[PDB]
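As structure tokens, one chain now follows by itself in the form deposited in one PDB entry.
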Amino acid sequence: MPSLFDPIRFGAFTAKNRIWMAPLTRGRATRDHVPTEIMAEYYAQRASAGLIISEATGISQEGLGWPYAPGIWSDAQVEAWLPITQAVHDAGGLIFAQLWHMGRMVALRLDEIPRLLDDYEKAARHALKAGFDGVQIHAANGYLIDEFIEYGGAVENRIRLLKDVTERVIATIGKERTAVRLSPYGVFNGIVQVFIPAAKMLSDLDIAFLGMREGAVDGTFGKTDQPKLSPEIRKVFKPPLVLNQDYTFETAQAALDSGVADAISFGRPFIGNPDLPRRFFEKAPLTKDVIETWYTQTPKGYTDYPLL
């Protein structure tokens, strides 16, 4: 039923459309992970997105340590984020902070889980102080789900750390500000058994929305057929479901038309097309992104892509 251009209620909010910006690590923060003024201009240029999900933002001092990627553990970081959220809000948009913790697959000790929960609580509270609208927790096979550490065996235990993290964040900022991204096919580029229960569990926690990264495409040469995870996620997950990966305008609208997705997030297209929604609306050609400058440290290939 809905158009990509229709508003959408989620959490405490109404996004102005269902063309959202996916989280994108860009490396324009300082070496010691402090946000910079240039990031404010970049996010504001893209505030026509119904919701911006920030770049991965570290929750603990040592455990990032991608330099030039931001964190949110410190007061200096909270202060440096304020210009960015303020610029998005001055442009009428919305912005969630993606909180990042690096996990290992089958490293973290049982005795560090309480510190981890505390780090997430604190990052979520700092995100509010920084003026973000909410936060997105990222989970994937290495990461809160089947993380290398009672956290094994029954599905319940395999998703336990994710549940505990999500409950702590909700206790801190409210379920209406708390979202999750599931990446069942991996993070950077068995499943059914665990991601469908992860999604039912999150639904029962009544989080604001779920992001799921799953190839738009059905039919790939040399690949044997497996059914999509998304229609199964849609059955157990009641709040809004936002799909991601390789969507075009046409396949995005098709997903809304089918009922499986309420909104779609676009990553790479927002790198070179800050006004993606308007290009889609006008059927304008897209500007090609320059892969070379995805993770460099300057405005070039960052804030110098023109608006229509």
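The term rigid core refers to the maximal set of C-alpha atoms that superpose within 1.5 Å between the two forms. When you see a residue number, it is the position in the sequence shown, counting from 1.
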* Asked: How many residues sit between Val217 and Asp218 in the deposited sequence but have no coordinates: none, 1 to 3, 4 to 9, or 10 or more?
  -> none
* **Count class of deposited residues lacking coordinates, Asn189 to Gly190** => 4 to 9
* Asked: Got a sec? Mean C-alpha B-factor, which is higher, 208-216 or 168-176?
  -> 208-216
* Between 20-28 and 284-292, which has the higher average C-alpha B-factor in the PDB entry? -> 284-292
* From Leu202, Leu182, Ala123, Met102, residue of greatest CA B-factor -> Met102
* Structure fact -> From the entry's CA B-factor values, the highest among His89, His138, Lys129, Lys235 is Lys235
* Sorting the chain's modelled residues by C-alpha B-factor, tell me whether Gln253 ends up in the lowest, middle or highest third. => middle
* Based on the entry's values, in what third of the chain does the Cα temperature factor of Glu55 lie: lowest, middle or highest? -> lowest
* To do: Would you mind checking where the Cα B-factor of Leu108 ranks among the modelled residues of its chain, as the lowest, middle or highest third?
  => highest
* To do: Determine, from the deposited record, the chain-internal third of the Cα B-factor for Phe96: lowest, middle or highest.
  => lowest
* Asked: Ranked by Cα temperature factor within the chain, is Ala76 in the lowest third, the middle third or the highest third?
  -> middle
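Separately, the form deposited in another entry exists; it is not shown, and the next lines address it.
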* When the rigid core of both forms is overlaid, which of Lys163, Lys228, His89, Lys175 is the one whose C-alpha moves 2 angstroms or more between the shown form and the other one? -> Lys228
* **Large Cα shift (2 Å or above) at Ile72 between the shown form and the other one, core-fitted** => no
* **After fitting the core, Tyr143 CA displacement of 2 Å or more between the shown form and the other one** => yes
* Asked: Does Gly131 count as moved between the shown form and the other one, where moved means a C-alpha shift of 2 angstroms or more after fitting the rigid core?
  -> no
* Closer or farther: C-alpha pair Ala216/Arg9 in the other form, relative to this form, given a change of 3 Å or more -> farther
* Sense of CA distance change between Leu256 and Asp218 in the other form, threshold 3 Å -> farther
